[PDB]
>>> print(open('query02.pdb').read())   # PDB, N, CA, C and O atoms and all ligand atoms
ATOM      1  N   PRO Z   1       0.815  -1.223   0.000
ATOM      2  CA  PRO Z   1       0.000   0.000   0.000
ATOM      3  C   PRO Z   1       0.847   1.270   0.000
ATOM      4  O   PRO Z   1       1.978   1.260   0.487
ATOM      5  N   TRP Z   2       0.297   2.350  -0.546
ATOM      6  CA  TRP Z   2       0.982   3.628  -0.649
ATOM      7  C   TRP Z   2       0.171   4.699   0.069
ATOM      8  O   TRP Z   2      -0.974   4.481   0.477
ATOM      9  N   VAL Z   3       0.791   5.863   0.237
ATOM     10  CA  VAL Z   3       0.141   7.011   0.855
ATOM     11  C   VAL Z   3       0.476   8.255   0.046
ATOM     12  O   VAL Z   3       1.534   8.342  -0.586
ATOM     13  N   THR Z   4      -0.439   9.220   0.067
ATOM     14  CA  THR Z   4      -0.203  10.542  -0.494
ATOM     15  C   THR Z   4       0.091  11.499   0.652
ATOM     16  O   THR Z   4      -0.651  11.544   1.638
ATOM     17  N   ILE Z   5       1.174  12.259   0.517
ATOM     18  CA  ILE Z   5       1.621  13.197   1.538
ATOM     19  C   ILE Z   5       1.517  14.601   0.964
ATOM     20  O   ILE Z   5       1.970  14.854  -0.157
ATOM     21  N   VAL Z   6       0.929  15.510   1.731
ATOM     22  CA  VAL Z   6       0.919  16.929   1.399
ATOM     23  C   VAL Z   6       1.940  17.627   2.282
ATOM     24  O   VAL Z   6       2.029  17.356   3.488
ATOM     25  N   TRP Z   7       2.716  18.520   1.680
ATOM     26  CA  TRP Z   7       3.810  19.206   2.346
ATOM     27  C   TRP Z   7       3.456  20.675   2.530
ATOM     28  O   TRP Z   7       2.828  21.286   1.662
ATOM     29  N   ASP Z   8       3.852  21.230   3.670
ATOM     30  CA  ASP Z   8       3.576  22.631   3.947
ATOM     31  C   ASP Z   8       4.300  23.519   2.942
ATOM     32  O   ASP Z   8       5.430  23.233   2.537
ATOM     33  N   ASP Z   9       3.643  24.602   2.538
ATOM     34  CA  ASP Z   9       4.223  25.579   1.631
ATOM     35  C   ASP Z   9       3.810  26.968   2.086
ATOM     36  O   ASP Z   9       2.762  27.135   2.722
ATOM     37  N   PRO Z  10       4.619  27.990   1.786
ATOM     38  CA  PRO Z  10       4.380  29.318   2.362
ATOM     39  C   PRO Z  10       3.372  30.177   1.613
ATOM     40  O   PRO Z  10       3.067  31.279   2.079
ATOM     41  N   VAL Z  11       2.846  29.723   0.481
ATOM     42  CA  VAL Z  11       1.985  30.545  -0.367
ATOM     43  C   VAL Z  11       0.511  30.219  -0.164
ATOM     44  O   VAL Z  11      -0.302  31.114   0.064
ATOM     45  N   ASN Z  12       0.148  28.942  -0.257
ATOM     46  CA  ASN Z  12      -1.258  28.562  -0.212
ATOM     47  C   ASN Z  12      -1.890  28.957   1.116
ATOM     48  O   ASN Z  12      -1.282  28.824   2.183
ATOM     49  N   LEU Z  13      -3.133  29.428   1.043
ATOM     50  CA  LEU Z  13      -3.861  29.824   2.238
ATOM     51  C   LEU Z  13      -4.329  28.601   3.013
ATOM     52  O   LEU Z  13      -4.732  27.590   2.430
ATOM     53  N   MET Z  14      -4.286  28.700   4.344
ATOM     54  CA  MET Z  14      -4.831  27.634   5.176
ATOM     55  C   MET Z  14      -6.267  27.322   4.778
ATOM     56  O   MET Z  14      -6.654  26.151   4.676
ATOM     57  N   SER Z  15      -7.074  28.361   4.549
ATOM     58  CA  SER Z  15      -8.468  28.143   4.178
ATOM     59  C   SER Z  15      -8.567  27.405   2.851
ATOM     60  O   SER Z  15      -9.449  26.557   2.667
ATOM     61  N   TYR Z  16      -7.668  27.714   1.915
ATOM     62  CA  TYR Z  16      -7.686  27.044   0.621
ATOM     63  C   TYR Z  16      -7.398  25.558   0.774
ATOM     64  O   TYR Z  16      -8.073  24.723   0.165
ATOM     65  N   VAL Z  17      -6.400  25.210   1.590
ATOM     66  CA  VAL Z  17      -6.022  23.807   1.745
ATOM     67  C   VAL Z  17      -7.183  23.003   2.317
ATOM     68  O   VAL Z  17      -7.493  21.905   1.843
ATOM     69  N   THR Z  18      -7.841  23.537   3.347
ATOM     70  CA  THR Z  18      -9.019  22.870   3.895
ATOM     71  C   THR Z  18     -10.063  22.638   2.809
ATOM     72  O   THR Z  18     -10.624  21.542   2.692
ATOM     73  N   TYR Z  19     -10.330  23.662   1.998
ATOM     74  CA  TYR Z  19     -11.301  23.513   0.919
ATOM     75  C   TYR Z  19     -10.864  22.445  -0.074
ATOM     76  O   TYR Z  19     -11.675  21.615  -0.501
ATOM     77  N   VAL Z  20      -9.588  22.456  -0.464
ATOM     78  CA  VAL Z  20      -9.106  21.491  -1.448
ATOM     79  C   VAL Z  20      -9.303  20.067  -0.941
ATOM     80  O   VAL Z  20      -9.691  19.174  -1.702
ATOM     81  N   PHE Z  21      -9.034  19.831   0.345
ATOM     82  CA  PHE Z  21      -9.193  18.483   0.883
ATOM     83  C   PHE Z  21     -10.652  18.041   0.835
ATOM     84  O   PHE Z  21     -10.946  16.865   0.586
ATOM     85  N   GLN Z  22     -11.582  18.967   1.077
ATOM     86  CA  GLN Z  22     -12.995  18.622   0.965
ATOM     87  C   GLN Z  22     -13.388  18.385  -0.487
ATOM     88  O   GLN Z  22     -14.098  17.422  -0.798
ATOM     89  N   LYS Z  23     -12.937  19.259  -1.388
ATOM     90  CA  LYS Z  23     -13.349  19.172  -2.784
ATOM     91  C   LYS Z  23     -12.779  17.931  -3.454
ATOM     92  O   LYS Z  23     -13.490  17.230  -4.183
ATOM     93  N   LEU Z  24     -11.500  17.635  -3.219
ATOM     94  CA  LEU Z  24     -10.852  16.566  -3.965
ATOM     95  C   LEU Z  24     -11.111  15.190  -3.365
ATOM     96  O   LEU Z  24     -11.071  14.192  -4.093
ATOM     97  N   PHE Z  25     -11.370  15.108  -2.059
ATOM     98  CA  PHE Z  25     -11.529  13.824  -1.389
ATOM     99  C   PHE Z  25     -12.886  13.638  -0.725
ATOM    100  O   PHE Z  25     -13.145  12.559  -0.180
ATOM    101  N   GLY Z  26     -13.753  14.647  -0.753
ATOM    102  CA  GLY Z  26     -15.041  14.533  -0.100
ATOM    103  C   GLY Z  26     -14.979  14.489   1.408
ATOM    104  O   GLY Z  26     -15.964  14.113   2.049
ATOM    105  N   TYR Z  27     -13.847  14.866   1.994
ATOM    106  CA  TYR Z  27     -13.709  14.852   3.440
ATOM    107  C   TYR Z  27     -14.581  15.932   4.068
ATOM    108  O   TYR Z  27     -14.880  16.961   3.455
ATOM    109  N   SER Z  28     -14.992  15.686   5.308
ATOM    110  CA  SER Z  28     -15.767  16.664   6.049
ATOM    111  C   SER Z  28     -14.888  17.856   6.425
ATOM    112  O   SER Z  28     -13.658  17.815   6.329
ATOM    113  N   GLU Z  29     -15.537  18.931   6.870
ATOM    114  CA  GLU Z  29     -14.782  20.111   7.292
ATOM    115  C   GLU Z  29     -13.890  19.818   8.489
ATOM    116  O   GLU Z  29     -12.704  20.188   8.452
ATOM    117  N   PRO Z  30     -14.364  19.171   9.558
ATOM    118  CA  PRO Z  30     -13.443  18.848  10.665
ATOM    119  C   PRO Z  30     -12.278  17.975  10.232
ATOM    120  O   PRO Z  30     -11.144  18.179  10.686
ATOM    121  N   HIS Z  31     -12.534  17.000   9.361
ATOM    122  CA  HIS Z  31     -11.470  16.131   8.869
ATOM    123  C   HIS Z  31     -10.473  16.918   8.029
ATOM    124  O   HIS Z  31      -9.257  16.833   8.244
ATOM    125  N   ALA Z  32     -10.971  17.696   7.066
ATOM    126  CA  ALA Z  32     -10.089  18.484   6.213
ATOM    127  C   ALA Z  32      -9.263  19.464   7.036
ATOM    128  O   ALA Z  32      -8.050  19.594   6.837
ATOM    129  N   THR Z  33      -9.906  20.168   7.971
ATOM    130  CA  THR Z  33      -9.181  21.116   8.809
ATOM    131  C   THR Z  33      -8.108  20.414   9.633
ATOM    132  O   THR Z  33      -6.990  20.923   9.772
ATOM    133  N   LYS Z  34      -8.431  19.247  10.195
ATOM    134  CA  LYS Z  34      -7.447  18.510  10.981
ATOM    135  C   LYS Z  34      -6.226  18.159  10.139
ATOM    136  O   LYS Z  34      -5.085  18.306  10.595
ATOM    137  N   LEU Z  35      -6.444  17.693   8.910
ATOM    138  CA  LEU Z  35      -5.319  17.384   8.036
ATOM    139  C   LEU Z  35      -4.543  18.644   7.673
ATOM    140  O   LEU Z  35      -3.308  18.643   7.688
ATOM    141  N   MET Z  36      -5.248  19.729   7.339
ATOM    142  CA  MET Z  36      -4.562  20.976   7.017
ATOM    143  C   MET Z  36      -3.679  21.428   8.172
ATOM    144  O   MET Z  36      -2.541  21.863   7.960
ATOM    145  N   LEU Z  37      -4.186  21.338   9.403
ATOM    146  CA  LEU Z  37      -3.395  21.770  10.550
ATOM    147  C   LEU Z  37      -2.231  20.826  10.818
ATOM    148  O   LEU Z  37      -1.158  21.272  11.240
ATOM    149  N   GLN Z  38      -2.416  19.525  10.580
ATOM    150  CA  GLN Z  38      -1.303  18.594  10.730
ATOM    151  C   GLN Z  38      -0.173  18.946   9.773
ATOM    152  O   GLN Z  38       1.003  18.944  10.159
ATOM    153  N   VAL Z  39      -0.508  19.260   8.519
ATOM    154  CA  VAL Z  39       0.506  19.703   7.567
ATOM    155  C   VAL Z  39       1.201  20.956   8.083
ATOM    156  O   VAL Z  39       2.434  21.046   8.104
ATOM    157  N   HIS Z  40       0.414  21.951   8.498
ATOM    158  CA  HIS Z  40       0.990  23.240   8.863
ATOM    159  C   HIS Z  40       1.867  23.121  10.103
ATOM    160  O   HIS Z  40       2.897  23.797  10.209
ATOM    161  N   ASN Z  41       1.484  22.262  11.046
ATOM    162  CA  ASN Z  41       2.195  22.166  12.315
ATOM    163  C   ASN Z  41       3.322  21.145  12.289
ATOM    164  O   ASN Z  41       4.328  21.329  12.984
ATOM    165  N   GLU Z  42       3.184  20.076  11.506
ATOM    166  CA  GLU Z  42       4.216  19.052  11.411
ATOM    167  C   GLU Z  42       5.043  19.156  10.136
ATOM    168  O   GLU Z  42       6.061  18.468  10.020
ATOM    169  N   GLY Z  43       4.635  19.993   9.184
ATOM    170  CA  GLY Z  43       5.329  20.126   7.926
ATOM    171  C   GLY Z  43       4.855  19.188   6.839
ATOM    172  O   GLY Z  43       5.138  19.433   5.660
ATOM    173  N   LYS Z  44       4.145  18.121   7.200
ATOM    174  CA  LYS Z  44       3.624  17.165   6.235
ATOM    175  C   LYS Z  44       2.550  16.339   6.922
ATOM    176  O   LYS Z  44       2.457  16.314   8.153
ATOM    177  N   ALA Z  45       1.746  15.651   6.114
ATOM    178  CA  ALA Z  45       0.724  14.768   6.657
ATOM    179  C   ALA Z  45       0.213  13.850   5.558
ATOM    180  O   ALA Z  45       0.065  14.271   4.408
ATOM    181  N   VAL Z  46      -0.041  12.594   5.922
ATOM    182  CA  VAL Z  46      -0.732  11.674   5.029
ATOM    183  C   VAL Z  46      -2.171  12.139   4.868
ATOM    184  O   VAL Z  46      -2.898  12.310   5.857
ATOM    185  N   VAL Z  47      -2.596  12.336   3.622
ATOM    186  CA  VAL Z  47      -3.957  12.771   3.335
ATOM    187  C   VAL Z  47      -4.819  11.674   2.718
ATOM    188  O   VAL Z  47      -6.053  11.811   2.716
ATOM    189  N   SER Z  48      -4.224  10.606   2.193
ATOM    190  CA  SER Z  48      -4.981   9.498   1.628
ATOM    191  C   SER Z  48      -4.070   8.280   1.564
ATOM    192  O   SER Z  48      -2.848   8.388   1.689
ATOM    193  N   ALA Z  49      -4.683   7.118   1.356
ATOM    194  CA  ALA Z  49      -3.952   5.861   1.330
ATOM    195  C   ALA Z  49      -4.642   4.896   0.378
ATOM    196  O   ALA Z  49      -5.863   4.940   0.203
ATOM    197  N   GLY Z  50      -3.848   4.024  -0.229
ATOM    198  CA  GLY Z  50      -4.382   3.043  -1.155
ATOM    199  C   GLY Z  50      -3.275   2.473  -2.025
ATOM    200  O   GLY Z  50      -2.099   2.525  -1.671
ATOM    201  N   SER Z  51      -3.687   1.931  -3.167
ATOM    202  CA  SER Z  51      -2.737   1.362  -4.106
ATOM    203  C   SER Z  51      -1.865   2.460  -4.706
ATOM    204  O   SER Z  51      -2.216   3.644  -4.709
ATOM    205  N   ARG Z  52      -0.706   2.048  -5.225
ATOM    206  CA  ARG Z  52       0.175   2.994  -5.901
ATOM    207  C   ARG Z  52      -0.564   3.740  -7.005
ATOM    208  O   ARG Z  52      -0.438   4.964  -7.132
ATOM    209  N   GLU Z  53      -1.348   3.020  -7.811
ATOM    210  CA  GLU Z  53      -2.075   3.666  -8.900
ATOM    211  C   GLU Z  53      -3.095   4.665  -8.366
ATOM    212  O   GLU Z  53      -3.297   5.733  -8.956
ATOM    213  N   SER Z  54      -3.751   4.336  -7.251
ATOM    214  CA  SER Z  54      -4.727   5.256  -6.674
ATOM    215  C   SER Z  54      -4.054   6.522  -6.154
ATOM    216  O   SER Z  54      -4.574   7.628  -6.336
ATOM    217  N   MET Z  55      -2.902   6.379  -5.495
ATOM    218  CA  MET Z  55      -2.200   7.548  -4.982
ATOM    219  C   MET Z  55      -1.634   8.403  -6.110
ATOM    220  O   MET Z  55      -1.528   9.625  -5.965
ATOM    221  N   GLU Z  56      -1.271   7.788  -7.236
ATOM    222  CA  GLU Z  56      -0.821   8.572  -8.381
ATOM    223  C   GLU Z  56      -1.882   9.586  -8.794
ATOM    224  O   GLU Z  56      -1.560  10.730  -9.137
ATOM    225  N   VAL Z  57      -3.153   9.187  -8.758
ATOM    226  CA  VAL Z  57      -4.230  10.104  -9.117
ATOM    227  C   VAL Z  57      -4.350  11.216  -8.083
ATOM    228  O   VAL Z  57      -4.469  12.398  -8.428
ATOM    229  N   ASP Z  58      -4.329  10.856  -6.799
ATOM    230  CA  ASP Z  58      -4.450  11.866  -5.750
ATOM    231  C   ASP Z  58      -3.342  12.908  -5.858
ATOM    232  O   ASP Z  58      -3.598  14.110  -5.722
ATOM    233  N   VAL Z  59      -2.105  12.468  -6.099
ATOM    234  CA  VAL Z  59      -1.004  13.412  -6.289
ATOM    235  C   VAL Z  59      -1.307  14.354  -7.447
ATOM    236  O   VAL Z  59      -1.162  15.577  -7.331
ATOM    237  N   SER Z  60      -1.713  13.795  -8.590
ATOM    238  CA  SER Z  60      -1.997  14.627  -9.756
ATOM    239  C   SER Z  60      -3.123  15.613  -9.468
ATOM    240  O   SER Z  60      -3.062  16.778  -9.882
ATOM    241  N   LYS Z  61      -4.167  15.164  -8.768
ATOM    242  CA  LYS Z  61      -5.260  16.065  -8.419
ATOM    243  C   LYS Z  61      -4.771  17.193  -7.521
ATOM    244  O   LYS Z  61      -5.169  18.352  -7.690
ATOM    245  N   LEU Z  62      -3.910  16.871  -6.553
ATOM    246  CA  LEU Z  62      -3.407  17.889  -5.638
ATOM    247  C   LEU Z  62      -2.482  18.866  -6.352
ATOM    248  O   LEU Z  62      -2.533  20.075  -6.096
ATOM    249  N   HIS Z  63      -1.630  18.365  -7.252
ATOM    250  CA  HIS Z  63      -0.770  19.255  -8.024
ATOM    251  C   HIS Z  63      -1.593  20.244  -8.839
ATOM    252  O   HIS Z  63      -1.251  21.430  -8.922
ATOM    253  N   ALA Z  64      -2.678  19.773  -9.461
ATOM    254  CA  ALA Z  64      -3.516  20.668 -10.251
ATOM    255  C   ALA Z  64      -4.119  21.767  -9.388
ATOM    256  O   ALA Z  64      -4.333  22.888  -9.865
ATOM    257  N   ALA Z  65      -4.395  21.469  -8.119
ATOM    258  CA  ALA Z  65      -4.889  22.469  -7.184
ATOM    259  C   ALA Z  65      -3.789  23.380  -6.656
ATOM    260  O   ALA Z  65      -4.097  24.355  -5.960
ATOM    261  N   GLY Z  66      -2.527  23.085  -6.955
ATOM    262  CA  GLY Z  66      -1.430  23.926  -6.525
ATOM    263  C   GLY Z  66      -0.793  23.545  -5.209
ATOM    264  O   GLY Z  66      -0.056  24.359  -4.640
ATOM    265  N   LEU Z  67      -1.043  22.340  -4.708
ATOM    266  CA  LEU Z  67      -0.491  21.894  -3.438
ATOM    267  C   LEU Z  67       0.708  20.983  -3.668
ATOM    268  O   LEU Z  67       0.790  20.270  -4.671
ATOM    269  N   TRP Z  68       1.640  21.009  -2.720
ATOM    270  CA  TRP Z  68       2.831  20.169  -2.793
ATOM    271  C   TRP Z  68       2.470  18.776  -2.296
ATOM    272  O   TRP Z  68       2.314  18.562  -1.089
ATOM    273  N   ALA Z  69       2.354  17.819  -3.214
ATOM    274  CA  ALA Z  69       1.978  16.459  -2.864
ATOM    275  C   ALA Z  69       2.972  15.471  -3.454
ATOM    276  O   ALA Z  69       3.457  15.651  -4.574
ATOM    277  N   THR Z  70       3.270  14.426  -2.686
ATOM    278  CA  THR Z  70       4.078  13.312  -3.153
ATOM    279  C   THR Z  70       3.429  12.028  -2.660
ATOM    280  O   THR Z  70       2.490  12.049  -1.862
ATOM    281  N   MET Z  71       3.940  10.898  -3.137
ATOM    282  CA  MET Z  71       3.471   9.601  -2.679
ATOM    283  C   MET Z  71       4.665   8.709  -2.378
ATOM    284  O   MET Z  71       5.753   8.888  -2.933
ATOM    285  N   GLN Z  72       4.451   7.753  -1.480
ATOM    286  CA  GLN Z  72       5.496   6.811  -1.111
ATOM    287  C   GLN Z  72       4.842   5.561  -0.549
ATOM    288  O   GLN Z  72       3.697   5.589  -0.091
ATOM    289  N   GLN Z  73       5.581   4.460  -0.608
ATOM    290  CA  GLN Z  73       5.090   3.205  -0.065
ATOM    291  C   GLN Z  73       4.962   3.311   1.448
ATOM    292  O   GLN Z  73       5.791   3.935   2.116
ATOM    293  N   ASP Z  74       3.914   2.697   1.990
ATOM    294  CA  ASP Z  74       3.676   2.703   3.425
ATOM    295  C   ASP Z  74       4.407   1.527   4.061
ATOM    296  O   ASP Z  74       4.242   0.380   3.632
ATOM    297  N   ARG Z  75       5.212   1.817   5.078
ATOM    298  CA  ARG Z  75       6.017   0.794   5.736
ATOM    299  C   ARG Z  75       5.199   0.037   6.780
ATOM    300  O   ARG Z  75       4.203   0.539   7.302
TER     301      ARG Z  75
HETATM  302  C1  LIG B 101      -0.568  32.538   3.567
HETATM  303  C2  LIG B 101      -0.721  31.669   4.808
HETATM  304  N1  LIG B 101      -0.477  30.270   4.472
HETATM  305  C3  LIG B 101       0.273  29.483   5.234
HETATM  306  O1  LIG B 101       0.769  29.852   6.300
HETATM  307  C4  LIG B 101       0.476  28.061   4.721
HETATM  308  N2  LIG B 101       1.754  27.520   5.230
HETATM  309  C5  LIG B 101      -0.688  27.173   5.155
HETATM  310  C6  LIG B 101      -0.640  25.777   4.593
HETATM  311  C7  LIG B 101      -1.187  24.716   5.300
HETATM  312  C8  LIG B 101      -1.145  23.431   4.792
HETATM  313  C9  LIG B 101      -0.558  23.194   3.566
HETATM  314  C10 LIG B 101      -0.012  24.240   2.851
HETATM  315  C11 LIG B 101      -0.055  25.522   3.364
HETATM  316  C12 LIG B 101      -2.107  31.859   5.411
HETATM  317  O2  LIG B 101      -2.387  32.881   6.038
HETATM  318  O3  LIG B 101      -2.981  31.000   5.284
HETATM  319 MG    MG B 102       1.217  22.404  -0.254
HETATM  320 NI    NI B 103       2.229  28.635   7.052
END
>>> encode(input="query02.pdb", output="structure tokens", more="lines below")
Ligand SMILES: C[C@H](NC(=O)[C@@H](N)Cc1ccccc1)C(=O)O
Ligand SMILES: [Mg+2]
Ligand code: NI
Amino acid sequence: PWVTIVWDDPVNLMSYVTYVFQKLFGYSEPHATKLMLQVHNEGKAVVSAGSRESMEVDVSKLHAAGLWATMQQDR
């Protein structure tokens, strides 16, 4: 299994990131906000998990929204 990681960046608005997580993944507002704050406070956070092919899509969707996203195998 793989995971998609979003990395903190100095340009994107906190409010925008919360919205992007809801729009792209259907997450609730408390869930999206929690992930956004984890990124901002820890520098990164797993935002989704699944097969390598599934995470490839999530990364591409996040890049199109302007967020710093990568994927890696889950240990
Ligand atoms: C402009 C400022 N944005 C931020 O401080 C960034 N770092 C917030 C963020 C959170 C998660 C991922 C990427 C960026 C703001 O006032 O919102
Ligand atoms: Mg980012
Ligand atoms: Ni910040």
>>> residues_around(input="query02.pdb", residues="segment 39-47 of chain Z", least_positions_apart="2", cutoff="6 Å", atoms="only N, CA, C and O atoms", output="compact mmCIF listing (two decimals) with N, CA, C and O atoms, in the coordinates of the input")
# COMPACT_ATOMS: atom_id res chain seq x y z
N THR Z 4 -0.44 9.22 0.07
CA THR Z 4 -0.20 10.54 -0.49
C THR Z 4 0.09 11.50 0.65
O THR Z 4 -0.65 11.54 1.64
N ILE Z 5 1.17 12.26 0.52
CA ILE Z 5 1.62 13.20 1.54
C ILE Z 5 1.52 14.60 0.96
O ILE Z 5 1.97 14.85 -0.16
N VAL Z 6 0.93 15.51 1.73
CA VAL Z 6 0.92 16.93 1.40
C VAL Z 6 1.94 17.63 2.28
O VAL Z 6 2.03 17.36 3.49
N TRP Z 7 2.72 18.52 1.68
CA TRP Z 7 3.81 19.21 2.35
C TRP Z 7 3.46 20.68 2.53
O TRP Z 7 2.83 21.29 1.66
N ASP Z 8 3.85 21.23 3.67
CA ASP Z 8 3.58 22.63 3.95
C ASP Z 8 4.30 23.52 2.94
O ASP Z 8 5.43 23.23 2.54
N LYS Z 34 -8.43 19.25 10.20
CA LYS Z 34 -7.45 18.51 10.98
C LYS Z 34 -6.23 18.16 10.14
O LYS Z 34 -5.08 18.31 10.60
N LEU Z 35 -6.44 17.69 8.91
CA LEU Z 35 -5.32 17.38 8.04
C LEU Z 35 -4.54 18.64 7.67
O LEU Z 35 -3.31 18.64 7.69
N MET Z 36 -5.25 19.73 7.34
CA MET Z 36 -4.56 20.98 7.02
C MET Z 36 -3.68 21.43 8.17
O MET Z 36 -2.54 21.86 7.96
N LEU Z 37 -4.19 21.34 9.40
CA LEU Z 37 -3.40 21.77 10.55
C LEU Z 37 -2.23 20.83 10.82
O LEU Z 37 -1.16 21.27 11.24
N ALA Z 49 -4.68 7.12 1.36
CA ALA Z 49 -3.95 5.86 1.33
C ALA Z 49 -4.64 4.90 0.38
O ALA Z 49 -5.86 4.94 0.20
>>> residues_around(input="query02.pdb", residues="segment 65-73 of chain Z", least_positions_apart="2", cutoff="7 Å", atoms="all atoms listed in the file", output="MDAnalysis selection string")
chainID Z and resid 1:9 12 50 55:56 58:63 75
>>> resolve_selection(input="query02.pdb", expression="the PyMOL selection byres (((chain Z and resi 32) around 8) and not hetatm)", output="PDB file with N, CA, C and O atoms, in the frame of the given file")
ATOM      1  N   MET Z  14      -4.286  28.700   4.344  1.00  0.00           N
ATOM      2  CA  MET Z  14      -4.831  27.634   5.176  1.00  0.00           C
ATOM      3  C   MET Z  14      -6.267  27.322   4.778  1.00  0.00           C
ATOM      4  O   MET Z  14      -6.654  26.151   4.676  1.00  0.00           O
ATOM      5  N   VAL Z  17      -6.400  25.210   1.590  1.00  0.00           N
ATOM      6  CA  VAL Z  17      -6.022  23.807   1.745  1.00  0.00           C
ATOM      7  C   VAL Z  17      -7.183  23.003   2.317  1.00  0.00           C
ATOM      8  O   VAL Z  17      -7.493  21.905   1.843  1.00  0.00           O
ATOM      9  N   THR Z  18      -7.841  23.537   3.347  1.00  0.00           N
ATOM     10  CA  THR Z  18      -9.019  22.870   3.895  1.00  0.00           C
ATOM     11  C   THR Z  18     -10.063  22.638   2.809  1.00  0.00           C
ATOM     12  O   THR Z  18     -10.624  21.542   2.692  1.00  0.00           O
ATOM     13  N   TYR Z  19     -10.330  23.662   1.998  1.00  0.00           N
ATOM     14  CA  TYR Z  19     -11.301  23.513   0.919  1.00  0.00           C
ATOM     15  C   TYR Z  19     -10.864  22.445  -0.074  1.00  0.00           C
ATOM     16  O   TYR Z  19     -11.675  21.615  -0.501  1.00  0.00           O
ATOM     17  N   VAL Z  20      -9.588  22.456  -0.464  1.00  0.00           N
ATOM     18  CA  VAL Z  20      -9.106  21.491  -1.448  1.00  0.00           C
ATOM     19  C   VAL Z  20      -9.303  20.067  -0.941  1.00  0.00           C
ATOM     20  O   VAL Z  20      -9.691  19.174  -1.702  1.00  0.00           O
ATOM     21  N   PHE Z  21      -9.034  19.831   0.345  1.00  0.00           N
ATOM     22  CA  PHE Z  21      -9.193  18.483   0.883  1.00  0.00           C
ATOM     23  C   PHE Z  21     -10.652  18.041   0.835  1.00  0.00           C
ATOM     24  O   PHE Z  21     -10.946  16.865   0.586  1.00  0.00           O
ATOM     25  N   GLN Z  22     -11.582  18.967   1.077  1.00  0.00           N
ATOM     26  CA  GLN Z  22     -12.995  18.622   0.965  1.00  0.00           C
ATOM     27  C   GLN Z  22     -13.388  18.385  -0.487  1.00  0.00           C
ATOM     28  O   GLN Z  22     -14.098  17.422  -0.798  1.00  0.00           O
ATOM     29  N   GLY Z  26     -13.753  14.647  -0.753  1.00  0.00           N
ATOM     30  CA  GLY Z  26     -15.041  14.533  -0.100  1.00  0.00           C
ATOM     31  C   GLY Z  26     -14.979  14.489   1.408  1.00  0.00           C
ATOM     32  O   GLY Z  26     -15.964  14.113   2.049  1.00  0.00           O
ATOM     33  N   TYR Z  27     -13.847  14.866   1.994  1.00  0.00           N
ATOM     34  CA  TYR Z  27     -13.709  14.852   3.440  1.00  0.00           C
ATOM     35  C   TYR Z  27     -14.581  15.932   4.068  1.00  0.00           C
ATOM     36  O   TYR Z  27     -14.880  16.961   3.455  1.00  0.00           O
ATOM     37  N   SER Z  28     -14.992  15.686   5.308  1.00  0.00           N
ATOM     38  CA  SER Z  28     -15.767  16.664   6.049  1.00  0.00           C
ATOM     39  C   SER Z  28     -14.888  17.856   6.425  1.00  0.00           C
ATOM     40  O   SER Z  28     -13.658  17.815   6.329  1.00  0.00           O
ATOM     41  N   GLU Z  29     -15.537  18.931   6.870  1.00  0.00           N
ATOM     42  CA  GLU Z  29     -14.782  20.111   7.292  1.00  0.00           C
ATOM     43  C   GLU Z  29     -13.890  19.818   8.489  1.00  0.00           C
ATOM     44  O   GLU Z  29     -12.704  20.188   8.452  1.00  0.00           O
ATOM     45  N   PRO Z  30     -14.364  19.171   9.558  1.00  0.00           N
ATOM     46  CA  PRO Z  30     -13.443  18.848  10.665  1.00  0.00           C
ATOM     47  C   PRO Z  30     -12.278  17.975  10.232  1.00  0.00           C
ATOM     48  O   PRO Z  30     -11.144  18.179  10.686  1.00  0.00           O
ATOM     49  N   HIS Z  31     -12.534  17.000   9.361  1.00  0.00           N
ATOM     50  CA  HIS Z  31     -11.470  16.131   8.869  1.00  0.00           C
ATOM     51  C   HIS Z  31     -10.473  16.918   8.029  1.00  0.00           C
ATOM     52  O   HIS Z  31      -9.257  16.833   8.244  1.00  0.00           O
ATOM     53  N   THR Z  33      -9.906  20.168   7.971  1.00  0.00           N
ATOM     54  CA  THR Z  33      -9.181  21.116   8.809  1.00  0.00           C
ATOM     55  C   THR Z  33      -8.108  20.414   9.633  1.00  0.00           C
ATOM     56  O   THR Z  33      -6.990  20.923   9.772  1.00  0.00           O
ATOM     57  N   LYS Z  34      -8.431  19.247  10.195  1.00  0.00           N
ATOM     58  CA  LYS Z  34      -7.447  18.510  10.981  1.00  0.00           C
ATOM     59  C   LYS Z  34      -6.226  18.159  10.139  1.00  0.00           C
ATOM     60  O   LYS Z  34      -5.085  18.306  10.595  1.00  0.00           O
ATOM     61  N   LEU Z  35      -6.444  17.693   8.910  1.00  0.00           N
ATOM     62  CA  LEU Z  35      -5.319  17.384   8.036  1.00  0.00           C
ATOM     63  C   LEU Z  35      -4.543  18.644   7.673  1.00  0.00           C
ATOM     64  O   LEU Z  35      -3.308  18.643   7.688  1.00  0.00           O
ATOM     65  N   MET Z  36      -5.248  19.729   7.339  1.00  0.00           N
ATOM     66  CA  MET Z  36      -4.562  20.976   7.017  1.00  0.00           C
ATOM     67  C   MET Z  36      -3.679  21.428   8.172  1.00  0.00           C
ATOM     68  O   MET Z  36      -2.541  21.863   7.960  1.00  0.00           O
ATOM     69  N   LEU Z  37      -4.186  21.338   9.403  1.00  0.00           N
ATOM     70  CA  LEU Z  37      -3.395  21.770  10.550  1.00  0.00           C
ATOM     71  C   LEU Z  37      -2.231  20.826  10.818  1.00  0.00           C
ATOM     72  O   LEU Z  37      -1.158  21.272  11.240  1.00  0.00           O
ATOM     73  N   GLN Z  38      -2.416  19.525  10.580  1.00  0.00           N
ATOM     74  CA  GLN Z  38      -1.303  18.594  10.730  1.00  0.00           C
ATOM     75  C   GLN Z  38      -0.173  18.946   9.773  1.00  0.00           C
ATOM     76  O   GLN Z  38       1.003  18.944  10.159  1.00  0.00           O
ATOM     77  N   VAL Z  39      -0.508  19.260   8.519  1.00  0.00           N
ATOM     78  CA  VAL Z  39       0.506  19.703   7.567  1.00  0.00           C
ATOM     79  C   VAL Z  39       1.201  20.956   8.083  1.00  0.00           C
ATOM     80  O   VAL Z  39       2.434  21.046   8.104  1.00  0.00           O
TER      81      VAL Z  39
END
>>> select_by_dssp(input="query02.pdb", residues="chain Z", states="helix (DSSP H, G or I)", output="ChimeraX atom specification")
/Z:14-25,29-42,52-64
